[PDB]
>>> print(open('work03.txt').read())   # compact mmCIF, C-alpha atoms and all ligand atoms
# COMPACT_ATOMS: atom_id res chain seq x y z
CA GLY A 389 269.19 267.81 83.68
CA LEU A 390 270.15 264.96 81.36
CA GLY A 391 273.92 264.66 80.76
CA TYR A 392 274.98 266.81 83.74
CA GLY A 393 276.22 265.74 87.18
CA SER A 394 275.38 267.84 90.25
CA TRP A 395 278.79 269.53 90.08
CA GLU A 396 278.16 270.31 86.42
CA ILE A 397 276.79 273.51 84.87
CA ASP A 398 275.57 273.69 81.28
CA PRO A 399 277.60 276.39 79.51
CA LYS A 400 274.57 277.21 77.35
CA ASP A 401 272.99 278.63 80.51
CA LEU A 402 275.62 281.41 80.51
CA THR A 403 275.49 284.91 79.03
CA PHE A 404 278.86 286.71 79.08
CA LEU A 405 278.64 290.45 79.84
CA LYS A 406 282.12 291.81 80.65
CA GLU A 407 285.76 290.70 80.78
CA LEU A 408 287.40 290.98 84.23
CA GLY A 409 291.04 290.06 83.66
CA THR A 410 293.70 287.47 82.88
CA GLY A 411 295.58 285.31 85.43
CA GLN A 412 297.90 282.33 84.96
CA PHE A 413 294.86 280.17 84.14
CA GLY A 414 293.71 282.89 81.78
CA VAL A 415 290.52 284.87 81.46
CA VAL A 416 287.82 285.54 84.03
CA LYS A 417 284.42 286.94 83.04
CA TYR A 418 281.32 288.41 84.61
CA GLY A 419 277.97 287.16 83.33
CA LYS A 420 274.52 285.77 84.07
CA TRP A 421 273.25 282.25 84.76
CA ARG A 422 269.84 281.56 83.21
CA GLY A 423 269.32 285.23 82.48
CA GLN A 424 269.05 286.34 86.10
CA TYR A 425 271.92 285.39 88.35
CA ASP A 426 275.28 287.12 88.58
CA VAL A 427 278.22 284.74 88.19
CA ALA A 428 281.92 284.85 87.59
CA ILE A 429 283.36 282.54 84.97
CA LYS A 430 286.98 281.52 85.14
CA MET A 431 288.31 279.86 82.04
CA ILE A 432 291.13 277.38 82.52
CA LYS A 433 293.84 277.82 79.92
CA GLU A 434 294.47 274.53 78.11
CA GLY A 435 297.57 272.81 79.52
CA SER A 436 297.67 274.80 82.77
CA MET A 437 295.83 272.49 85.20
CA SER A 438 295.61 268.80 86.23
CA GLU A 439 292.02 268.75 84.99
CA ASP A 440 290.78 265.33 86.13
CA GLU A 441 292.13 265.75 89.64
CA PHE A 442 290.60 269.20 89.75
CA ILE A 443 287.17 268.04 88.54
CA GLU A 444 287.08 265.33 91.20
CA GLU A 445 288.07 267.87 93.88
CA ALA A 446 285.36 270.20 92.54
CA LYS A 447 282.84 267.70 93.91
CA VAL A 448 284.25 268.23 97.40
CA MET A 449 284.41 272.00 96.95
CA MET A 450 280.68 272.21 96.10
CA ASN A 451 279.86 271.13 99.65
CA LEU A 452 281.93 273.94 101.12
CA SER A 453 279.54 276.75 102.00
CA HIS A 454 280.13 279.87 104.06
CA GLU A 455 279.10 283.53 103.71
CA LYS A 456 282.77 284.65 103.70
CA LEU A 457 283.84 281.94 101.24
CA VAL A 458 283.47 282.41 97.49
CA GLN A 459 280.72 279.94 96.56
CA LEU A 460 281.53 277.52 93.76
CA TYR A 461 278.38 276.99 91.70
CA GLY A 462 279.77 274.31 89.43
CA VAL A 463 282.13 273.47 86.60
CA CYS A 464 281.79 273.18 82.82
CA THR A 465 283.61 270.08 81.57
CA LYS A 466 284.18 268.25 78.25
CA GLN A 467 284.76 271.47 76.39
CA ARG A 468 288.01 273.39 76.06
CA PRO A 469 288.69 275.41 77.95
CA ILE A 470 286.86 274.23 81.08
CA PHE A 471 285.01 276.85 83.18
CA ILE A 472 284.84 277.35 86.94
CA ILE A 473 281.56 279.08 87.88
CA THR A 474 281.29 281.02 91.16
CA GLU A 475 279.47 283.86 92.89
CA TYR A 476 280.44 287.26 91.47
CA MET A 477 282.58 289.61 93.56
CA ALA A 478 281.98 293.07 92.07
CA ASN A 479 284.82 295.00 93.71
CA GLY A 480 287.53 292.52 92.66
CA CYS A 481 290.69 291.39 94.39
CA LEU A 482 291.45 292.56 97.88
CA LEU A 483 295.00 293.49 96.94
CA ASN A 484 294.06 296.11 94.34
CA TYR A 485 291.23 297.35 96.52
CA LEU A 486 293.61 298.04 99.42
CA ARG A 487 296.00 299.90 97.12
CA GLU A 488 293.29 302.30 95.98
CA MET A 489 293.98 305.15 98.39
CA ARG A 490 290.66 306.92 97.68
CA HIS A 491 288.81 304.55 100.04
CA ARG A 492 290.43 306.27 102.99
CA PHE A 493 289.82 303.25 105.18
CA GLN A 494 289.34 303.40 108.90
CA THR A 495 291.24 300.77 110.86
CA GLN A 496 287.80 299.48 111.87
CA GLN A 497 287.21 298.57 108.22
CA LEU A 498 290.60 296.87 108.00
CA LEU A 499 289.91 294.82 111.16
CA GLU A 500 286.58 293.75 109.68
CA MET A 501 288.34 292.57 106.50
CA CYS A 502 290.63 290.44 108.68
CA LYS A 503 287.57 289.06 110.48
CA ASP A 504 285.87 288.26 107.17
CA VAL A 505 288.82 286.15 106.11
CA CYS A 506 289.35 284.55 109.51
CA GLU A 507 285.75 283.38 109.58
CA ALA A 508 286.25 281.73 106.17
CA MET A 509 289.46 280.09 107.35
CA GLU A 510 287.90 278.85 110.57
CA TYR A 511 285.24 277.21 108.44
CA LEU A 512 287.78 275.60 106.15
CA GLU A 513 289.82 274.56 109.14
CA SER A 514 286.65 272.96 110.60
CA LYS A 515 286.37 270.92 107.39
CA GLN A 516 290.06 269.98 107.46
CA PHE A 517 290.47 271.84 104.16
CA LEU A 518 293.72 273.72 103.61
CA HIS A 519 293.87 276.83 101.45
CA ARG A 520 297.60 276.38 100.61
CA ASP A 521 298.01 279.83 99.02
CA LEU A 522 296.19 282.40 101.21
CA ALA A 523 297.12 285.98 100.32
CA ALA A 524 295.49 289.33 99.55
CA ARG A 525 295.81 288.64 95.85
CA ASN A 526 293.46 285.68 96.25
CA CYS A 527 290.77 287.31 98.44
CA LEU A 528 287.90 289.21 96.80
CA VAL A 529 285.54 292.04 97.69
CA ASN A 530 281.83 292.19 96.92
CA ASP A 531 279.63 295.22 96.26
CA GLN A 532 278.98 295.61 100.01
CA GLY A 533 282.67 295.75 100.97
CA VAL A 534 282.63 292.19 102.35
CA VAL A 535 285.87 290.23 101.89
CA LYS A 536 285.68 286.55 100.93
CA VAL A 537 288.31 283.90 100.39
CA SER A 538 288.74 282.45 96.91
CA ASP A 539 290.87 279.94 94.98
CA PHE A 540 290.98 277.72 98.06
CA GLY A 541 293.02 274.57 97.38
CA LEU A 542 293.49 275.48 93.74
CA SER A 543 297.28 275.44 93.67
CA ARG A 544 297.29 271.64 94.03
CA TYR A 545 296.25 271.43 90.35
CA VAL A 546 298.60 273.96 88.77
CA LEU A 547 300.95 272.22 86.32
CA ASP A 548 303.47 275.08 86.04
CA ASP A 549 306.32 273.96 88.35
CA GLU A 550 307.50 277.58 88.68
CA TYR A 551 304.42 277.79 90.94
CA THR A 552 304.48 274.34 92.54
CA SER A 553 307.51 274.08 94.84
CA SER A 554 309.84 276.15 97.01
CA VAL A 555 312.56 275.98 94.34
CA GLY A 556 310.20 277.73 91.89
CA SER A 557 310.34 281.35 90.76
CA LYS A 558 306.59 281.87 91.30
CA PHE A 559 306.10 280.15 94.67
CA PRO A 560 304.59 282.29 97.47
CA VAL A 561 307.82 282.48 99.49
CA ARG A 562 306.60 285.69 101.21
CA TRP A 563 303.54 283.91 102.63
CA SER A 564 305.35 280.72 103.71
CA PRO A 565 306.57 279.59 107.15
CA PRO A 566 310.11 278.35 107.71
CA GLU A 567 309.09 274.62 107.69
CA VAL A 568 307.47 275.07 104.28
CA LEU A 569 310.54 276.86 102.92
CA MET A 570 312.92 274.37 104.52
CA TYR A 571 311.07 271.03 104.34
CA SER A 572 307.85 271.65 102.40
CA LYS A 573 305.82 270.84 105.52
CA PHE A 574 302.25 272.11 104.87
CA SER A 575 299.49 272.08 107.50
CA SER A 576 296.83 274.13 109.17
CA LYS A 577 299.76 276.03 110.67
CA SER A 578 301.12 277.13 107.29
CA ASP A 579 297.64 278.53 106.55
CA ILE A 580 297.92 280.37 109.90
CA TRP A 581 301.32 281.85 108.99
CA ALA A 582 299.94 283.08 105.65
CA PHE A 583 296.96 284.58 107.47
CA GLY A 584 299.20 286.76 109.67
CA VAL A 585 300.99 287.89 106.51
CA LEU A 586 297.57 288.76 105.06
CA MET A 587 296.69 290.82 108.18
CA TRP A 588 299.97 292.61 107.52
CA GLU A 589 299.04 293.20 103.88
CA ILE A 590 295.72 294.64 105.00
CA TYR A 591 297.15 296.97 107.65
CA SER A 592 299.86 298.00 105.15
CA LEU A 593 297.26 298.87 102.51
CA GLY A 594 298.62 296.33 100.04
CA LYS A 595 302.38 296.76 100.32
CA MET A 596 304.25 293.68 99.20
CA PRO A 597 305.66 291.87 102.25
CA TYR A 598 309.41 292.28 102.74
CA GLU A 599 309.13 294.78 99.87
CA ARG A 600 312.87 295.55 99.84
CA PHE A 601 313.95 291.89 99.66
CA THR A 602 313.96 289.25 96.96
CA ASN A 603 312.24 285.95 97.69
CA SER A 604 315.64 284.34 98.30
CA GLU A 605 316.59 287.05 100.80
CA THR A 606 313.15 286.76 102.41
CA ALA A 607 313.61 283.01 102.94
CA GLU A 608 316.98 283.65 104.62
CA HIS A 609 315.47 286.42 106.79
CA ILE A 610 312.66 284.14 107.89
CA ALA A 611 314.98 281.19 108.49
CA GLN A 612 317.12 283.40 110.72
CA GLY A 613 314.02 284.20 112.79
CA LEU A 614 313.59 287.78 111.63
CA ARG A 615 310.07 288.97 110.94
CA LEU A 616 307.77 291.47 109.34
CA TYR A 617 307.23 294.41 111.68
CA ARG A 618 304.32 296.55 112.75
CA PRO A 619 302.40 298.50 110.13
CA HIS A 620 301.71 302.12 111.02
CA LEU A 621 297.94 301.53 110.96
CA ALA A 622 298.06 298.51 113.27
CA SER A 623 297.60 299.03 117.01
CA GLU A 624 299.70 297.00 119.45
CA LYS A 625 296.80 294.61 120.02
CA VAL A 626 296.35 294.01 116.32
CA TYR A 627 300.10 293.55 115.77
CA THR A 628 300.17 290.99 118.59
CA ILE A 629 297.53 289.01 116.72
CA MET A 630 299.37 288.93 113.38
CA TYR A 631 302.73 288.36 115.07
CA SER A 632 301.37 285.30 116.88
CA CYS A 633 300.88 283.59 113.48
CA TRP A 634 304.65 283.59 112.96
CA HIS A 635 305.97 281.57 115.91
CA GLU A 636 309.01 279.68 114.67
CA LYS A 637 307.31 276.57 116.11
CA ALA A 638 304.12 275.62 114.25
CA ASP A 639 302.36 274.02 117.27
CA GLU A 640 302.78 277.30 119.17
CA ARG A 641 300.76 279.11 116.48
CA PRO A 642 297.06 279.64 117.26
CA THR A 643 294.10 278.18 115.43
CA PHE A 644 291.65 280.18 113.31
CA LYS A 645 289.12 279.74 116.09
CA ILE A 646 291.47 281.46 118.60
CA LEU A 647 292.36 284.11 116.01
CA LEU A 648 288.68 284.88 115.50
CA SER A 649 288.20 285.22 119.27
CA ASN A 650 291.23 287.53 119.49
CA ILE A 651 289.92 289.68 116.62
CA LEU A 652 286.47 289.92 118.16
CA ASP A 653 288.06 291.01 121.48
CA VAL A 654 290.11 293.71 119.78
CA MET A 655 287.04 294.82 117.84
CA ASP A 656 285.09 295.23 121.11
CA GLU A 657 287.98 297.01 122.76
CA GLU A 658 288.78 299.41 119.92
CA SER A 659 285.16 299.72 118.79
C1 LIG B 701 294.19 290.95 92.75
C2 LIG B 701 294.50 290.10 91.54
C3 LIG B 701 293.35 290.10 90.55
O1 LIG B 701 293.19 291.02 89.76
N1 LIG B 701 292.56 289.04 90.57
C4 LIG B 701 291.48 288.89 89.68
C5 LIG B 701 291.36 289.66 88.53
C6 LIG B 701 290.27 289.46 87.67
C7 LIG B 701 289.31 288.48 87.97
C8 LIG B 701 289.44 287.71 89.13
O2 LIG B 701 288.54 286.73 89.47
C9 LIG B 701 287.30 286.99 89.98
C10 LIG B 701 286.82 288.30 89.99
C11 LIG B 701 285.56 288.57 90.50
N2 LIG B 701 284.80 287.57 90.99
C12 LIG B 701 285.24 286.30 91.00
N3 LIG B 701 284.43 285.34 91.52
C13 LIG B 701 286.49 285.98 90.49
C14 LIG B 701 286.90 284.54 90.55
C15 LIG B 701 286.17 283.58 89.85
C16 LIG B 701 286.51 282.23 89.93
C17 LIG B 701 287.59 281.83 90.73
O3 LIG B 701 287.92 280.50 90.82
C18 LIG B 701 287.80 279.84 92.03
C19 LIG B 701 287.04 280.39 93.07
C20 LIG B 701 286.92 279.72 94.27
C21 LIG B 701 287.55 278.49 94.46
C22 LIG B 701 288.31 277.95 93.43
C23 LIG B 701 288.42 278.62 92.22
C24 LIG B 701 288.32 282.78 91.44
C25 LIG B 701 287.97 284.13 91.36
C26 LIG B 701 290.54 287.92 89.97
>>> encode(input="work03.txt", output="structure tokens", more="lines below")
Ligand SMILES: *CCC(=O)Nc1cccc(Oc2ccnc(N)c2-c2ccc(Oc3ccccc3)cc2)c1
Amino acid sequence: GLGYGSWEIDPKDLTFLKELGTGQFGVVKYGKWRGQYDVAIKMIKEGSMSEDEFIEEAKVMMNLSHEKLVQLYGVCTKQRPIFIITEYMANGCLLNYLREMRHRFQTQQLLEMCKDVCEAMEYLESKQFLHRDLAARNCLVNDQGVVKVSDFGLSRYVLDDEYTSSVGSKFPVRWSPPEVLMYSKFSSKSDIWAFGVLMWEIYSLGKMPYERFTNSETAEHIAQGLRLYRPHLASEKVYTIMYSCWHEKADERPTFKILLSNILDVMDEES
């Protein structure tokens, strides 16, 4: 209504029900929109984000729509802190979910999680939209066990330089290809690399990648052409798929479309 752009939600329409946690942007809450609809509400800590650039990009993000992509509903601006309003993912972040051993996952379920994410990434790829920080910690799980990709693109607007470049102590070294670590060369192929690392995370039930190394050591390992190896729960066909994301040469890495086809083939073959 009056005073609100299409990308703009009225905060007054929100009822907060439960606190969900605190990240580097701060607090995230579960609540309702206009009394009925489940939403998540992420509150951006003052001073943490390039807010104007983000708000403008929010307009683009609103047009992104896929069943395996966390749906942005809108943003609450001209209040501090600003809110990001999205669909609510009841079972939380993929990473913690994988580490909960009680689930006793079948490898079928793990392959499906991979397929969930790969569908989202094929969609983003089809819209020439890079994630830039794909990892288990950023994927979410809904009440039906479906995995969706979240925080897509968001790292572009983080002001904390510990997060922003390779020479930073909070950069995702472990999810980065050699050309990112060496030259900061981002592309669809650095999203691919990170996806194979995510398949590894999934098949490893949430182990941190290169868990015995520091980031610095990991970068050296990668630069020398050494790689993550096969998780116990991954078949040879699945390992082949994740390993193919890590070709030293970016143009030799597959697309998300080819990855999806590979994953469907393995699914049919191991069904
Ligand atoms: C595994 C790490 C972890 O604990 N993450 C975590 C913890 C608490 C709350 C979190 O965010 C949630 C939780 C549940 N549902 C949703 N939707 C979210 C959430 C909400 C908003 C955003 O922001 C963006 C989403 C999509 C695109 C850009 C921004 C992200 C997650 C997560």
>>> residues_near_ligand(input="work03.txt", ligand="ligand LIG 701 (chain B)", cutoff="6 Å", atoms="only C-alpha atoms and all ligand atoms", output="PyMOL selection string")
chain A and resi 408-409+416+428-430+458+460+472+474-478+480-481+483-484+525+538-540+542
>>> residues_around(input="work03.txt", residues="residue 597 of chain A", least_positions_apart="3", cutoff="9 Å", atoms="all atoms listed in the file", output="VMD selection string")
chain A and resid 562 to 563 585 588 to 589 592 594 600 to 601 616
>>> write_last_selection(input="work03.txt", atoms="C-alpha atoms", output="compact mmCIF listing (two decimals), in the coordinates of the input")
# COMPACT_ATOMS: atom_id res chain seq x y z
CA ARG A 562 306.60 285.69 101.21
CA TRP A 563 303.54 283.91 102.63
CA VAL A 585 300.99 287.89 106.51
CA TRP A 588 299.97 292.61 107.52
CA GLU A 589 299.04 293.20 103.88
CA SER A 592 299.86 298.00 105.15
CA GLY A 594 298.62 296.33 100.04
CA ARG A 600 312.87 295.55 99.84
CA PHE A 601 313.95 291.89 99.66
CA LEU A 616 307.77 291.47 109.34
>>> closest_residue(input="work03.txt", among="A:470, A:448, A:580, A:402", to="residue 515 of chain A", atoms="only C-alpha atoms")
A:448
>>> closest_residue(input="work03.txt", among="A:658, A:579, A:605, A:426", to="residue 521 of chain A", atoms="all atoms listed in the file")
A:579
>>> atom_distance(input="work03.txt", atom1="atom CA of residue 591 of chain A", atom2="atom CA of residue 626 of chain A")
9.2 Å
>>> closest_residue(input="work03.txt", among="A:407, A:419, A:659, A:649", to="residue 503 of chain A", atoms="all atoms listed in the file")
A:649
>>> closest_residue(input="work03.txt", among="A:647, A:590, A:611, A:537", to="residue 497 of chain A", atoms="all atoms listed in the file")
A:590
>>> atom_distance(input="work03.txt", atom1="atom CA of residue 581 of chain A", atom2="atom CA of residue 625 of chain A")
17.5 Å
>>> closest_residue(input="work03.txt", among="A:634, A:559, A:644, A:574", to="residue 603 of chain A", atoms="all atoms listed in the file")
A:559
>>> atom_distance(input="work03.txt", atom1="atom CA of residue 545 of chain A", atom2="atom CA of residue 412 of chain A")
12.3 Å
>>> axis_aligned_box(input="work03.txt", around="segment 632-647 of chain A", padding_each_side="4 Å", output="lines of an AutoDock Vina configuration file")
center_x = 299.1
center_y = 279.7
center_z = 116.1
size_x = 27.9
size_y = 19.3
size_z = 14.2
>>> residues_near_point(input="work03.txt", point="(286.0, 277.4, 112.2)", cutoff="12 Å", atoms="all atoms listed in the file", output="PyMOL selection string")
chain A and resi 454+456+503-517+576+643-649
>>> write_last_selection(input="work03.txt", atoms="C-alpha atoms", output="compact mmCIF listing (two decimals), keeping the file's coordinate frame")
# COMPACT_ATOMS: atom_id res chain seq x y z
CA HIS A 454 280.13 279.87 104.06
CA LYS A 456 282.77 284.65 103.70
CA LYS A 503 287.57 289.06 110.48
CA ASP A 504 285.87 288.26 107.17
CA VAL A 505 288.82 286.15 106.11
CA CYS A 506 289.35 284.55 109.51
CA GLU A 507 285.75 283.38 109.58
CA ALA A 508 286.25 281.73 106.17
CA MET A 509 289.46 280.09 107.35
CA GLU A 510 287.90 278.85 110.57
CA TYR A 511 285.24 277.21 108.44
CA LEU A 512 287.78 275.60 106.15
CA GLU A 513 289.82 274.56 109.14
CA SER A 514 286.65 272.96 110.60
CA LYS A 515 286.37 270.92 107.39
CA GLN A 516 290.06 269.98 107.46
CA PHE A 517 290.47 271.84 104.16
CA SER A 576 296.83 274.13 109.17
CA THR A 643 294.10 278.18 115.43
CA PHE A 644 291.65 280.18 113.31
CA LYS A 645 289.12 279.74 116.09
CA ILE A 646 291.47 281.46 118.60
CA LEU A 647 292.36 284.11 116.01
CA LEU A 648 288.68 284.88 115.50
CA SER A 649 288.20 285.22 119.27
>>> residues_near_point(input="work03.txt", point="(277.3, 275.8, 92.2)", cutoff="12 Å", atoms="only C-alpha atoms", output="PyMOL selection string")
chain A and resi 393-398+421+425+427-429+446-453+458-464+471-476
>>> closest_residue(input="work03.txt", among="A:619, A:391, A:414, A:584", to="residue 502 of chain A", atoms="all atoms listed in the file")
A:584
>>> residues_around(input="work03.txt", residues="residue 637 of chain A", least_positions_apart="5", cutoff="10 Å", atoms="only C-alpha atoms", output="PyMOL selection string")
chain A and resi 565-567+577
>>> write_last_selection(input="work03.txt", atoms="C-alpha atoms", output="JSON list (two decimals), in the frame of the given file")
[["chain", "number", "residue", "atom", "x", "y", "z"],
["A", 565, "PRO", "CA", 306.57, 279.59, 107.15],
["A", 566, "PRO", "CA", 310.11, 278.35, 107.71],
["A", 567, "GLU", "CA", 309.09, 274.62, 107.69],
["A", 577, "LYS", "CA", 299.76, 276.03, 110.67]]
>>> build_atoms(input="work03.txt", residues="segment 428-447 of chain A", atoms="N, CA, C and O atoms", output="PDB file, in the frame of the given file")
ATOM      1  N   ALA A 428     280.612 284.673  88.165  1.00  0.00           N
ATOM      2  CA  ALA A 428     281.920 284.850  87.590  1.00  0.00           C
ATOM      3  C   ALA A 428     282.283 283.569  86.857  1.00  0.00           C
ATOM      4  O   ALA A 428     281.898 282.477  87.271  1.00  0.00           O
ATOM      5  N   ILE A 429     283.026 283.694  85.772  1.00  0.00           N
ATOM      6  CA  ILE A 429     283.360 282.540  84.970  1.00  0.00           C
ATOM      7  C   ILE A 429     284.834 282.529  84.667  1.00  0.00           C
ATOM      8  O   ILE A 429     285.325 283.339  83.877  1.00  0.00           O
ATOM      9  N   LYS A 430     285.541 281.598  85.291  1.00  0.00           N
ATOM     10  CA  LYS A 430     286.980 281.520  85.140  1.00  0.00           C
ATOM     11  C   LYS A 430     287.304 280.419  84.173  1.00  0.00           C
ATOM     12  O   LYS A 430     286.919 279.277  84.376  1.00  0.00           O
ATOM     13  N   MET A 431     288.015 280.778  83.114  1.00  0.00           N
ATOM     14  CA  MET A 431     288.310 279.860  82.040  1.00  0.00           C
ATOM     15  C   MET A 431     289.733 279.330  82.187  1.00  0.00           C
ATOM     16  O   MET A 431     290.695 280.092  82.256  1.00  0.00           O
ATOM     17  N   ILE A 432     289.852 278.010  82.269  1.00  0.00           N
ATOM     18  CA  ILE A 432     291.130 277.380  82.520  1.00  0.00           C
ATOM     19  C   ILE A 432     291.871 277.165  81.206  1.00  0.00           C
ATOM     20  O   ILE A 432     291.473 276.358  80.360  1.00  0.00           O
ATOM     21  N   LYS A 433     292.937 277.937  81.047  1.00  0.00           N
ATOM     22  CA  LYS A 433     293.840 277.820  79.920  1.00  0.00           C
ATOM     23  C   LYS A 433     294.235 276.365  79.728  1.00  0.00           C
ATOM     24  O   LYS A 433     294.671 275.696  80.677  1.00  0.00           O
ATOM     25  N   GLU A 434     294.051 275.877  78.507  1.00  0.00           N
ATOM     26  CA  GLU A 434     294.470 274.530  78.110  1.00  0.00           C
ATOM     27  C   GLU A 434     295.932 274.268  78.483  1.00  0.00           C
ATOM     28  O   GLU A 434     296.809 275.057  78.174  1.00  0.00           O
ATOM     29  N   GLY A 435     296.196 273.154  79.145  1.00  0.00           N
ATOM     30  CA  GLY A 435     297.570 272.810  79.520  1.00  0.00           C
ATOM     31  C   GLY A 435     298.044 273.368  80.849  1.00  0.00           C
ATOM     32  O   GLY A 435     299.153 273.061  81.281  1.00  0.00           O
ATOM     33  N   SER A 436     297.221 274.172  81.523  1.00  0.00           N
ATOM     34  CA  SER A 436     297.670 274.800  82.770  1.00  0.00           C
ATOM     35  C   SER A 436     297.345 274.006  84.041  1.00  0.00           C
ATOM     36  O   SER A 436     298.028 274.163  85.046  1.00  0.00           O
ATOM     37  N   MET A 437     296.342 273.134  83.988  1.00  0.00           N
ATOM     38  CA  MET A 437     295.830 272.490  85.200  1.00  0.00           C
ATOM     39  C   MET A 437     295.693 270.966  85.067  1.00  0.00           C
ATOM     40  O   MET A 437     295.439 270.466  83.983  1.00  0.00           O
ATOM     41  N   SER A 438     295.879 270.242  86.173  1.00  0.00           N
ATOM     42  CA  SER A 438     295.610 268.800  86.230  1.00  0.00           C
ATOM     43  C   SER A 438     294.085 268.609  86.288  1.00  0.00           C
ATOM     44  O   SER A 438     293.492 268.535  87.371  1.00  0.00           O
ATOM     45  N   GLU A 439     293.460 268.529  85.114  1.00  0.00           N
ATOM     46  CA  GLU A 439     292.020 268.750  84.990  1.00  0.00           C
ATOM     47  C   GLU A 439     291.149 267.671  85.621  1.00  0.00           C
ATOM     48  O   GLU A 439     290.110 267.985  86.211  1.00  0.00           O
ATOM     49  N   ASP A 440     291.551 266.411  85.516  1.00  0.00           N
ATOM     50  CA  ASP A 440     290.780 265.330  86.130  1.00  0.00           C
ATOM     51  C   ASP A 440     290.839 265.431  87.658  1.00  0.00           C
ATOM     52  O   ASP A 440     289.819 265.363  88.348  1.00  0.00           O
ATOM     53  N   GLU A 441     292.032 265.595  88.199  1.00  0.00           N
ATOM     54  CA  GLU A 441     292.130 265.750  89.640  1.00  0.00           C
ATOM     55  C   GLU A 441     291.291 266.945  90.068  1.00  0.00           C
ATOM     56  O   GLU A 441     290.549 266.860  91.039  1.00  0.00           O
ATOM     57  N   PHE A 442     291.381 268.054  89.348  1.00  0.00           N
ATOM     58  CA  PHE A 442     290.600 269.200  89.750  1.00  0.00           C
ATOM     59  C   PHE A 442     289.105 268.901  89.757  1.00  0.00           C
ATOM     60  O   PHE A 442     288.415 269.205  90.723  1.00  0.00           O
ATOM     61  N   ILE A 443     288.604 268.324  88.670  1.00  0.00           N
ATOM     62  CA  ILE A 443     287.170 268.040  88.540  1.00  0.00           C
ATOM     63  C   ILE A 443     286.666 267.182  89.704  1.00  0.00           C
ATOM     64  O   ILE A 443     285.630 267.467  90.304  1.00  0.00           O
ATOM     65  N   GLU A 444     287.422 266.149  90.047  1.00  0.00           N
ATOM     66  CA  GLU A 444     287.080 265.330  91.200  1.00  0.00           C
ATOM     67  C   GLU A 444     287.055 266.175  92.491  1.00  0.00           C
ATOM     68  O   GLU A 444     286.130 266.055  93.309  1.00  0.00           O
ATOM     69  N   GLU A 445     288.050 267.033  92.681  1.00  0.00           N
ATOM     70  CA  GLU A 445     288.070 267.870  93.880  1.00  0.00           C
ATOM     71  C   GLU A 445     286.929 268.880  93.864  1.00  0.00           C
ATOM     72  O   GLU A 445     286.413 269.257  94.920  1.00  0.00           O
ATOM     73  N   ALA A 446     286.516 269.307  92.673  1.00  0.00           N
ATOM     74  CA  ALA A 446     285.360 270.200  92.540  1.00  0.00           C
ATOM     75  C   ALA A 446     284.138 269.649  93.265  1.00  0.00           C
ATOM     76  O   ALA A 446     283.351 270.404  93.831  1.00  0.00           O
ATOM     77  N   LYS A 447     283.978 268.327  93.240  1.00  0.00           N
ATOM     78  CA  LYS A 447     282.840 267.700  93.910  1.00  0.00           C
ATOM     79  C   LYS A 447     282.875 268.004  95.396  1.00  0.00           C
ATOM     80  O   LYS A 447     281.855 268.327  95.992  1.00  0.00           O
TER      81      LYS A 447
END
